[PDB]
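Heads up: the structure comes next, in structure tokens.
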Amino acid sequence: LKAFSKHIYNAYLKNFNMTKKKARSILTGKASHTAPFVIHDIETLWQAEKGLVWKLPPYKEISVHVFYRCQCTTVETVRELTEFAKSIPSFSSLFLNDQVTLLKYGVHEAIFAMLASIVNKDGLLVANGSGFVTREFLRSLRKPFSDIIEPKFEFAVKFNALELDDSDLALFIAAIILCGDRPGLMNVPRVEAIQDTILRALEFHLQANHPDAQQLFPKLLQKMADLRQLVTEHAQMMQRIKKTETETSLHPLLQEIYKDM
Ligand SMILES: CCCCCC/C=C\CCCCCCCCCC(=O)O
Ligand SMILES: CCCCCCCO[C@@H]1O[C@H](CO)[C@@H](O)[C@H](O)[C@H]1O
Ligand SMILES: CCCCCCCO[C@@H]1O[C@H](CO)[C@@H](O)[C@H](O)[C@H]1O
Ligand SMILES: [Ca+2]
Numbered sequence: 211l212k213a214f215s216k217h218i219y220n221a222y223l224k225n226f227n228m229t230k231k232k233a234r235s236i237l238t239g240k241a242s243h244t245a246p247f248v249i250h251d252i253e254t255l256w257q258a259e260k261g262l263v264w265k271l272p273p274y275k276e277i278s279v280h281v282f283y284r285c286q287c288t289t290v291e292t293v294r295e296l297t298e299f300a301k302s303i304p305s306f307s308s309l310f311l312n313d314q315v316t317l318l319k320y321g322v323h324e325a326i327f328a329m330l331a332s333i334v335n336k337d338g339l340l341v342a343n344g345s346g347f348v349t350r351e352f353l354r355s356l357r358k359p360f361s362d363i364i365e366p367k368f369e370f371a372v373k374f375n376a377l378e379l380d381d382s383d384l385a386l387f388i389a390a391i392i393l394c395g396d397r398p399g400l401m402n403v404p405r406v407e408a409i410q411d412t413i414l415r416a417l418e419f420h421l422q423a424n425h426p427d428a429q430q431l432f433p434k435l436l437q438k439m440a441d442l443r444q445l446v447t448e449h450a451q452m453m454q455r456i457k458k459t460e461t462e463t464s465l466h467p468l469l470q471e472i473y474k475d476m
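Letter by letter, the sequence shown follows residues 211 to 265, 271 to 476 in PDB author numbering.
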């Protein structure tokens, strides 16, 4: 359980460029990091696109452009999560179609959980910590686009109050992905068995890492339930956009995820 935990933690370190530790020293102005360029209005968003942060489909409008940048980040994160998941021997022994089912229904729960690592009450890191976008700027955009990020901030700040670290997060994200009750899963008993091992490891770890945090394990099982519901709401928002924002482009991978939800 301890060697198991360490292995998943190494896979997490190996596969995610931004960790919470890195994100926190950037956000607190630690000596070994260059400060991010702050995106707080339309002119700074435009400067960031010119080269101060970033070196997409045809430009439509400000709100849509921000949406396109949201898609770039989540699709890149899906890439990192796939590699992370593959780095767990038990995951890679599953038939490839089961691996796809798990990632399809698990990646957004994992994304919204990890998002908390790069967030404070004022905004979020973007572009590998090279930028900071303000929560206020995001709320200012047109209706469907402002409404989709705000609930993630809301979840994140309460989640952040639990004070997890990267070693905790490794096990938590592994438990999210390796979930046996996903629709269309083929070998349910094997996946459920892998997941309980991960969960046991997580409880074993939290006892050592957070000794005075009695109730932390059941608190986290509830966050998994909350994430499932936050993704259900997000998929409905995404379907509305597809239906009503017909000039707005959506990445083919994302179309494949939200199909059937
Ligand atoms: C300049 C704008 C930078 C982008 C800010 C958002 C970046 C990361 C947050 C990821 C969650 C955003 C929620 C919207 C996700 C829509 C795409 C998807 O569903 O995959
Ligand atoms: C390891 C070899 C892979 C064999 C491929 C078997 C194809 O199964 C397909 O897997 C998909 C989930 O991933 C589902 O969306 C489809 O409904 C299902 O038909
Ligand atoms: C690595 C990216 C994670 C994969 C997420 C996308 C999963 O899409 C699914 O892929 C299957 C083909 O394999 C299709 O049968 C399903 O219709 C489709 O919904
Ligand atoms: Ca389970």
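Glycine residues also receive a C-beta, built at the ideal position from the N, C-alpha and C atoms.
Item                                                                                                                                                     : Value
Taking the beta carbon of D427 as the centre, do at least 16 other beta carbons fall within 10 Å, making it buried, or is it exposed?                    : exposed
Give the straight-line distance between the Cα atoms of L311 and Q470, rounded to the nearest whole angstrom.                                            : 20 angstroms
Buried or exposed for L435, going by 16 or more other Cβ atoms inside 10 Å?                                                                              : buried
Measuring straight from C-alpha to C-alpha, what distance separates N335 and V372?                                                                       : 7 angstroms
Would you mind listing the alpha helix (DSSP H) stretches within the stretch 328-377 that are 4+ residues and don't spill past its ends, in chain order? : 350-355, 358-375
Should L311 be counted as a contact of ligand 2 given a C-beta to heavy atom distance under 8 angstroms?                                                 : yes
Is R350 near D337, with beta carbons less than 9 angstroms apart?                                                                                        : yes
Kindly examine ligand 1 and report whether one of its heavy atoms sits closer than 8 angstroms to the Cβ of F282.                                        : yes
Which residues end up in the neighbourhood of ligand 4 when you take C-beta atoms closer than 7 angstroms to any of its heavy atoms?                     : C394, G395, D396, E407, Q410, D411
Does ligand 3 have a heavy atom nearer than 8 angstroms to the CB of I388?                                                                               : no
At the level of alpha carbons, what is the spacing between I303 and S382?                                                                                : 15 angstroms
Do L356 and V281 have their beta-carbon atoms positioned less than 9 angstroms apart in this structure?                                                  : yes
Less than 8 angstroms between C-beta atoms, sequence neighbours within five positions excluded: which residues of the same chain meet that for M228?     : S332, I333, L340, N343, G344
Note the first and the last residue of the continuous alpha helix (DSSP H) segment covering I249.                                                        : Note, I249: premise wrong, no alpha helix (DSSP H); beta strand (DSSP E) at 247-249.
At a cut-off of 8 angstroms, would you count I472 as near ligand 3, judging by its Cβ distance to the nearest heavy atom?                                : yes
On the DSSP letters alone, give me the boundaries of the alpha helix (DSSP H) that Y274 sits inside.                                                     : Premise fails: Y274 is in no alpha helix (DSSP H) and is neither H nor E.
Would you call the stretch 413-420 and the stretch 211-218 in contact, with 3 or more CB pairs under 8 angstroms?                                        : yes
State the start and end residues of the unbroken alpha helix (DSSP H) segment that holds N424.                                                           : 403-424
Within a Cβ cutoff of 7 angstroms, which residues of the same chain sit near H425, ignoring the five residues on either side of it in sequence?          : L431
Taking 9 angstroms as the threshold (C-beta atoms), are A385 and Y219 in contact?                                                                        : yes
Can you check whether the CB of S464 is closer than 9 angstroms to the CB of residue 266?                                                                : In the model as presented, the chain runs from 265 straight to 271, which leaves residue 266 without coordinates.
Just to check my reading of the structure: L442 and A328 have Cβ atoms closer than 8 angstroms, yes? What is that Cβ distance to the nearest angstrom?   : 6 angstroms
May I have the straight-line CA-CA distance separating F352 from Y473, to the nearest angstrom?                                                          : 27 angstroms
With a threshold of 8 angstroms (Cβ to nearest heavy atom), would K319 be considered close to ligand 3?                                                  : yes
Let me confirm a value: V403 is counted as buried when at least 16 other C-beta atoms fall within 10 Å, else exposed. Which label applies?               : exposed
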